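*Asks:* Shown below is the structure under consideration.
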Amino acid sequence: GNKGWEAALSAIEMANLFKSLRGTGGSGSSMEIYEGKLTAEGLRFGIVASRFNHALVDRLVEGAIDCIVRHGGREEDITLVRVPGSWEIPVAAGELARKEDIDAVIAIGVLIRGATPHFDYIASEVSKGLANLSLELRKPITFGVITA
Amino acid sequence: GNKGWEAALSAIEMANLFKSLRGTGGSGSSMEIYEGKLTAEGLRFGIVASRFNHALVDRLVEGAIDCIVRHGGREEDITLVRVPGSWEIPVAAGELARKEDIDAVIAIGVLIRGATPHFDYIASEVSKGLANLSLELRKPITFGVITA
Amino acid sequence: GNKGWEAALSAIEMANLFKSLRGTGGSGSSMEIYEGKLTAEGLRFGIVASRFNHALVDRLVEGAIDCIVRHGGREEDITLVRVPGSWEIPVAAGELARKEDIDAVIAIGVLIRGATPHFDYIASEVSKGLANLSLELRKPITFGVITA
Amino acid sequence: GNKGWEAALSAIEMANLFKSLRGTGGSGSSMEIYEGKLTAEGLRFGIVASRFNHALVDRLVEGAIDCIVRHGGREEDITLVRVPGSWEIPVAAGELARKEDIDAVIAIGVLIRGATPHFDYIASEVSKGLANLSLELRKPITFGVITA
Amino acid sequence: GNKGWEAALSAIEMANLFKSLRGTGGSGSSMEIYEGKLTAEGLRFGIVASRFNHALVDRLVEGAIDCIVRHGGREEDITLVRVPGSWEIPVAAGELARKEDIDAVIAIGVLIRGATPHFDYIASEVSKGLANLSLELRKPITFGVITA
Amino acid sequence: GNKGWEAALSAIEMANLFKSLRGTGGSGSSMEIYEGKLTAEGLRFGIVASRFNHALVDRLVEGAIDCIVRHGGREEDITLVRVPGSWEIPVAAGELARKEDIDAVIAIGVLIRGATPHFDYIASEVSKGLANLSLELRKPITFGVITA
Amino acid sequence: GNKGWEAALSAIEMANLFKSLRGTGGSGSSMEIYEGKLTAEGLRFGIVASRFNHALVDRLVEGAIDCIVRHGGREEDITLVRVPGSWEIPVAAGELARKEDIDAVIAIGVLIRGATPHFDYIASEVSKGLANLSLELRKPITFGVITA
Amino acid sequence: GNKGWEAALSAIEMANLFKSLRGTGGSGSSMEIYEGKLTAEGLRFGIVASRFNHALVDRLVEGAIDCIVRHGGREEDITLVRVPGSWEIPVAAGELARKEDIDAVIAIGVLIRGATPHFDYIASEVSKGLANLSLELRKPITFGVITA
Amino acid sequence: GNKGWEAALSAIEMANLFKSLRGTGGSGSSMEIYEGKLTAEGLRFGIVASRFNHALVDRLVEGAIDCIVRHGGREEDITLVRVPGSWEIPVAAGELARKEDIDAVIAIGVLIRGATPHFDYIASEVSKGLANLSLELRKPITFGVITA
């Protein structure tokens, strides 16, 4: 039940939700409640991770993959991209999020804000970029990072 | 007292206010005051709610729906969407806020202040994101979220 | 006196100034020095005020409209819009700005920044929104926001 | 040595930098280098200044104009506009920049140290606005305000 | 030791990453893993650096050029631009980023943040500008600014 | 806040409730439920106030008139009468209620608990008589007296 | 968070596990492993709930239904039975566990710690009774009780 | 950064250095310079490792092979041979070097600190032997052993 | 900081001063004011510097050349001469001063006056020689010697 499991759980629910919204509406006669299920048969995902501190990141990525397969996901339908550092996560995510096949992208990384001097500037940028990216491209982007 | 009732009331008033300005002007030879009546007949709304603290959130949604119907709203013209967490609200509001039918949307959530660094960055982004979306689509968004 | 006195003065100098900037280009003998006059006739205005802390906002609006007429402003060319809460001022202001008639907007607002939690976030985004509109819409606005 | 002289020097050579940049591509057969010269003949500038604290601001504005003429600039090609406060520098700056003939802009101002609360909210916004305008207008603007 | 080396290495492989991600599609049963690579034949670069503290920056500029050529780069395909300030880099980088024959941009400078004036504000602003340009234009940008 | 606000709101709720019971039953095959909406259009009301302590009463009664118009009431359909003192409140209310036009009645007054021996008697008398008239006439009569 | 969620999830896993063992063996000619996925499609369930502590038991029962339907369960494949006493579950559970259609049973209840010696005997007997049913009848059961 | 990565880097560029050195003489009309590039494609290497202390040596050998593939080397052109002790590294190294196809050799090992007397006699000889072989064979060999 | 910059700036404008003073005459009623100017097109220069303490002087030589080219100078019209001592500059400057196609001369060197031998005497002598040459030949000479 590591934090990587949480990111996968959030990602799966949205891919179903947006499908329901884009689909045909209800028959009326009451409040149109829209909900996202946990099924994962026929959903494609993407993941981005940083090389830095590969001893503490390998566990996170591995735990995330177990969530999809257990909930009914084929291992063949996952794409993995690795980037040098945390600063480069947003730009990489954009290329993945713009593909037609992909339906969700997860973000995994570790932060050293406070662990090293002069890092709060970089720390705020990644959080701001990923959220702002989601609105323009119309697609859920789960967020996950650790503090060192 | 409960923020659910208070937030919905604000949404009702601004819906009428915008309809007045988009129409004809007021009487001349005087400073035309503008105010929003509290009636709610003929309008359409939407709601987005999170799931953290499942016990507490249920009360808030009940208050919001009660105020809308009590002031003359039709239950047939309310749509509800549920999301996993607080980070996820801004993207959900995007889909609803830009439909040609809806007139206003309400966001309900719970924020944690200072518990862990992870939640600290979440609070800043959700506040900024909701405001910018409203200014770009010309519809009102009500920020009815509790803290702690 | 009150901040409404100072706030009104700045707006008056601006509307005419922009008129000069779009004036005839028949010059160049020496360096130009553009400046704003203090005439008020033929200048439309808009004013927006909140509702919380009614005991204060009443004097600010009362103590601000006087300066407009004192320069020759006609009361028929002023429009006022009341709004429920401070956090939802900017959305209303944008609607009035897009009207081709009005040439200036001023806002009254009382904030308790740095008093209690859940209000610092509100106190932060209010200023940022108003500034953004001015550059986008190209019409001056005055930040007539006070605090306890 | 004052900010007025130093701030201007940035303006002269970027006007030369952009002119050469959009004139030709890579020469070929060797590394390409682009550089700006400190020559002012044939260039037209613009300057914006604040009304408040006219004592200090008087010296700074005088210094900036001295540099332009010294390096070979004609005084007939300089436009100066005054504003009553720092808050309105960004909106005014955009007006001059959109003019096709101007080739660069310079900003002068003075900031006070904590006379009243929430000054930073006003103080920080001017810096943020200037940077945003430069990128979208694609024309340099200098930053030469001085703290009190 | 040379941070130009560290910045240069990151830029080289990101160009390779984009070369493959947006390349021809592929079909297979196993998971697809996309990884960077240090190979710099057929890649076009561009560098921007400031004069500020010219004693130190001149050293770093040489280091970046050494990395490209040693790793298979071509001196004929490197373009260099020099500017007089740290505040004044983002505007320059914009023009280079839009060239259709440029694959990456490397930005290096010096910050003396601390008790010095004007530096607390601009230090934050320069970072945000670079990040936004990357997502807007979909092209990597590296941040190799060192501080005392 | 103003206790007249509360007393006013209760009047509308009761008026609609009796307006519905006279009609036909609701949908069968379930539990019949009757609730009062807050719409306040097309309803006639009456108000009674005591002249003693005109300072507090004036604000209190003004706090009640706004409610009917704000919730969609016609401003020219509420009657007002005043009486020398508290003792005269019941008889005045009795006169109004018998009319075939007024649908609800509101009472306003200010009292001090047991200031003098005779003040104790009136306190019991004023409440006792008011309730009895409501049952006899079959018409709601709100209670709005203030103690101390 | 609630025990109702945890109890339901265990039932989902066990049902899949038993369907695998009772089936044919797998290939590979190596070390062989079994595990239960979390797909609830096509499985039938049943629940038994007590009545003490009216406030809480309903909340726990609600969560259990959500888990089954979210993970692919059908609304009309669940059977519910309600009984008064915590001492009274085992007799009810047996009547349901022996139906051919049912494939799992979930028990929800509340126990009291140390209130009286009478309840001490109650608590011991209920736990061991349910265990014996599972082994005797060869069908999984879940133990979703709370105390204090 | 480890000796495995650092030791390899020496190997790649000398293979390039010798290839260019024996290709042409002095160009003439200017100073002649000979330099090696960090390109590995088209080159075949050899590696020798010690059996003892397999824990530490496992990481170093893994690091060296990572560098070759990263810079563009094919894994099919790498030969690894193990030996039981440091004393036999020189004799084994000569065997690989005399092979005509190999272009360079790399040595890895770990030395303990004074477990038994006269260790220096054995310890020093390996370093001396490696240097002697290089001169007479006329082929580079790297030195990458690490003390305990 | 670079004293070569400070020395260079003085030399540039003095050449302009002589260009106008001995130019064509003029007639007028007001006072005539002759002023220098920073404009270096069509001006021929010449630099002399010493090897003494070659670590530092090489830096200054570059600074002087940068000033001339940036201010509109031409590299084709700069002549450089190097000598081995501070005592030995004046003789070298004499030959350069007599060239009919030279407008100014810049002399830079290092003095280590103090407890060192021979330096109290020569330090005075070198200064006098330069001054006398200027008046004798009627051509400006600049003194940019720095000392520890």
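Easy rule for this one: first residue shown is 1, then count along the chain.
If you're wondering, the header gives electron microscopy, 3.1 Å.
Quick reminder: no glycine exception, Cβ is built from N, Cα and C everywhere.
Got these off Swiss-Prot a minute ago, pasting:
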- B:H118: active site, proton donor (ACT_SITE)
- B:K3, B:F52, B:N53, B:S86, B:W87, B:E88, B:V110, B:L111, B:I112, B:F143: 5-amino-6-(D-ribitylamino)uracil binding site (BINDING)
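What the PDB entry shows for this protein is this:
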- B:23-32: linker (SEQADV)
*Asks:* Determine, from DSSP, whether B:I112 (5-amino-6-(D-ribitylamino)uracil binding site) sits in helix, strand or coil.
*Replies:* coil
*Asks:* With a 10 Å radius around each C-beta, find which of these recorded positions (B:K3, B:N53, B:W87, B:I112, B:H118) has the fewest other C-beta atoms nearby.
*Replies:* B:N53
*Asks:* To the nearest whole angstrom, state the Cα distance for the pair the residue listed as 'active site, proton donor' and B:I112 (5-amino-6-(D-ribitylamino)uracil binding site).
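*Replies:* Checking the Cα atoms of the residue listed as 'active site, proton donor' and B:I112 (5-amino-6-(D-ribitylamino)uracil binding site) gives a distance of 10 Å.
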*Asks:* Secondary structure at B:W87 (5-amino-6-(D-ribitylamino)uracil binding site) (DSSP, helix/strand/coil)?
*Replies:* helix
*Asks:* So if I draw a 10 Å sphere around the Cβ of B:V110 (5-amino-6-(D-ribitylamino)uracil binding site), how many other Cβ atoms end up inside it?
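*Replies:* Excluding its own Cβ, the number within 10 Å is 17.
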*Asks:* Summarise the linker (B:23-32) by DSSP state, stating how many residues are helix, strand and coil.
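*Replies:* DSSP composition of the linker (B:23-32): 0 helix, 1 strand, 9 coil.
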*Asks:* Going by DSSP, is B:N53 (5-amino-6-(D-ribitylamino)uracil binding site) part of a helix, a strand, or coil?
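*Replies:* B:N53 (5-amino-6-(D-ribitylamino)uracil binding site) sits in coil per DSSP, no helix or strand.
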*Asks:* What's the longest C-alpha separation between any two of B:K3, B:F52, B:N53, B:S86, B:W87, B:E88, B:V110, B:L111, B:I112, B:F143, the listed 5-amino-6-(D-ribitylamino)uracil-binding residues, in angstrom?
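*Replies:* Spelled out: the longest distance between any two Cα atoms in B:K3, B:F52, B:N53, B:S86, B:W87, B:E88, B:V110, B:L111, B:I112, B:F143 is 20 Å.
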